[PDB]
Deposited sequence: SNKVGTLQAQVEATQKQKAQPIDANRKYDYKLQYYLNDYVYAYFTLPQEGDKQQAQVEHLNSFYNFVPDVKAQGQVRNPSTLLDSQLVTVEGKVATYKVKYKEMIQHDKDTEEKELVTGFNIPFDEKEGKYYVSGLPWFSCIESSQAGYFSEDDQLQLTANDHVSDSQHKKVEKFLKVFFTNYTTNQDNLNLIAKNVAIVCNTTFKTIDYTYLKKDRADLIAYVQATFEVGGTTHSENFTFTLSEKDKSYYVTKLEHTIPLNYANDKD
């Protein structure tokens, strides 16, 4: 079972039924019967007479399903057309459900919640990556590395066969021009040479920087790339600890 969307598509239908209500009172009956068809039993509601404006579902996304609770994020619009009065709302919307013999139903009244922000904060300053150290390495080694990297970065943006000469398992990139090496700290690791590198590429008319960790093996007068990452680790200059 690599994929199973049956539940999700079901609840998507529920959510549409619930947040959809047209203006014409005729057609407004059928809509509610469509909605009631989702429940095992229409929920027992003591309240006398709910008020209910016409509504359109603008956007729905299932964020999680945990136990017998599905949680959506919803954006819907409430309209009275006479001239038009409108409001747009977003909310969380939580649906209690269950399964009978591979079939689904809504089991209960849904409930509203706030959409939670996903972004983390409160970061230790110890977790920041500053690219400010300098290595105490030869200018001659720096020249050799620098000369290798222009070839590498040329190949990495242009030719797969050439890249395979100087690097293991590295795919080339599309639609890109190499421009500049802007940073390079070198660290000997027994027989390997780690290069931590930031460089500059142009895609269309726009340039971006990216970071690399190269693991270099000596071959001929030059290098071979045994391993390439796309992040510089925080502990990159730990030849100093």
query: Sequence order list of spans that the model leaves without C-alpha positions, deposited numbering; finding: 1 to 25, 108 to 109
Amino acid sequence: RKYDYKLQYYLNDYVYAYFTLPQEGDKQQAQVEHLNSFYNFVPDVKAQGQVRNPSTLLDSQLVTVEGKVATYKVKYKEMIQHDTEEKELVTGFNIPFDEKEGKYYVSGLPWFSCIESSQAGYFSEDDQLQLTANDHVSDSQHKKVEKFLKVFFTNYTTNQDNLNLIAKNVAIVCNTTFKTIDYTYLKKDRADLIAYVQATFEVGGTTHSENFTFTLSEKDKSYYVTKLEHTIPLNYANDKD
From here on, numbers count along this sequence of modelled residues.
| query | finding |
| --- | --- |
| Residue stretch of maximal mean CA temperature factor, 102 to 110 vs 133 to 141 | 133 to 141 |
| Which of 22 to 30 and 37 to 45 has higher mean CA B factor, as the PDB entry lists it | 22 to 30 |
| Selection by C-alpha B-factor (highest) of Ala171, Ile95, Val74, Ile166 | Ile166 |
| Largest Cα B-factor, entry values, listed residues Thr64, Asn211, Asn53, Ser60 | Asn53 |
| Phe123 - Cα temperature factor, lowest/middle/highest third of chain | highest |
| Lowest, middle or highest third - CA B-factor, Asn12 | lowest |
| Position of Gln198 among the chain's modelled residues by C-alpha B-factor, lowest, middle or highest third | lowest |
| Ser222 - which third its CA temperature factor falls in, relative to the rest of the chain | highest |
